[PDB]
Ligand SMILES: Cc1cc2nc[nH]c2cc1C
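Here we start with a single chain on its own, the form solved without the ligand, put down as structure tokens.
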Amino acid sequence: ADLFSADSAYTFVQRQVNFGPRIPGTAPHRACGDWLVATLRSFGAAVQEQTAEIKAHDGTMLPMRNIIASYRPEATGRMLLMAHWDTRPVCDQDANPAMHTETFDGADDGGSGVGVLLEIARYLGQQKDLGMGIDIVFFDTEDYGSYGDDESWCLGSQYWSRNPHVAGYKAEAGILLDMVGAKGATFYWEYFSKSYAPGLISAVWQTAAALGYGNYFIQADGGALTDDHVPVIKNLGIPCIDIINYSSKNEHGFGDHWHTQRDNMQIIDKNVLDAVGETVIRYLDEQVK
């Protein structure tokens, strides 16, 4: 475990939570994005913002704000990293049905992904020369949908996959982190990831294995999850995988903190942040020399 600092990654999750819920349209969301952008620029990334007015399933007009951060943007060969940074406006799945109208921190559901990819970004800023381009993409408005309407989620990755920030954008492989910080998390093979990126899924999970993270990266089928990686595979043709906390043996599949007031800084395990983080950076190290 040489290249990735989980303490830094953990602090990055605390800092996002500090603004308050990153609910599209609200002030914290505005502030967090500025700080996201500033922070990425401070790590040497060329940071581009893609904003659009998008209407949600229930007619709310959201100020979508996708954040694209680039290293070596001239390079034709590119590695893609993804995470959603918005917070769902409600803990719809709280054990107490009175909480269903109220907000939660989303430290894992949103925070964790940005936090790891923030700490990767910093590591990138200290690389004298790089052989591939790297795009880190923070999608917005992934968690605003409703449950009976599967294409009301991932609106940010929808918009971006149909209208990338570069004409003919392409990347060799995509990695999406979603809820990678909860204590005791289980990362199984997401079906679409396994289907469209078999070499990618194996290469990552074998890296984890070699690094001794097989208590976290389980080499076995998980779920068929609609996530930000799916639109990217359909519309951009990029083979993507989703490192996401899901188990077929959970009450909700996701961990019990999901869309729950318990999704907060108290649920985050630095060791789980380290496993995902140190795996992805290591896989990224050999793939860009």
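Throughout, we count residues from 1 along the sequence that is shown.
For the pair 47-55 and 237-245, the mean Cα B-factor is higher in 47-55. Legend: mean Cα B-factor per stretch from the PDB entry, 74-82 versus 99-107; the higher mean is in 99-107. As recorded in the entry, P164 carries the highest CA temperature factor of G212, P164, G133, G199. Comparing the C-alpha B-factors of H29, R65, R262, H229 in the entry, the top value falls on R262. Among all modelled residues in this chain, the alpha-carbon of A220 has a temperature factor (C-alpha) in the middle third. Ranked within its chain, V204 lands in the lowest third, by CA B factor from the PDB record. Residue-level temperature factors show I175 in the middle third of its chain, judged at the C-alpha atom. In the deposited entry, the Cα temperature factor of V13 places it in the middle third of its chain's modelled residues. Ranked against the other modelled residues of its chain, the C-alpha B-factor of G115 as given in the entry falls in the lowest third.
One more form of this protein exists, namely the form solved in complex with the ligand; it is left out here, but the text below deals with it.
Checking 174-182, 160-168, 191-199, 73-81 against the ligand in the entry with it bound, the stretch whose residues place heavy atoms within 4.5 Å of it is 174-182. None of the heavy atoms of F187 is located within 4.5 Å of the ligand in the entry with it bound. For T26, no non-hydrogen atom is located within 4.5 Å of the ligand in the entry with it bound, even though that partner is not displayed. Under a 4.5 angstroms non-hydrogen atom cutoff, the ligand in the entry with it bound has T226 among its neighbouring residues. Contact check for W153: a heavy atom falls within 4.5 Å of the ligand in the entry with it bound. Note on the partner interface in the entry with it bound: the residue among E119, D105, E142, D135 having a heavy atom within 4.5 angstroms of the ligand is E142.
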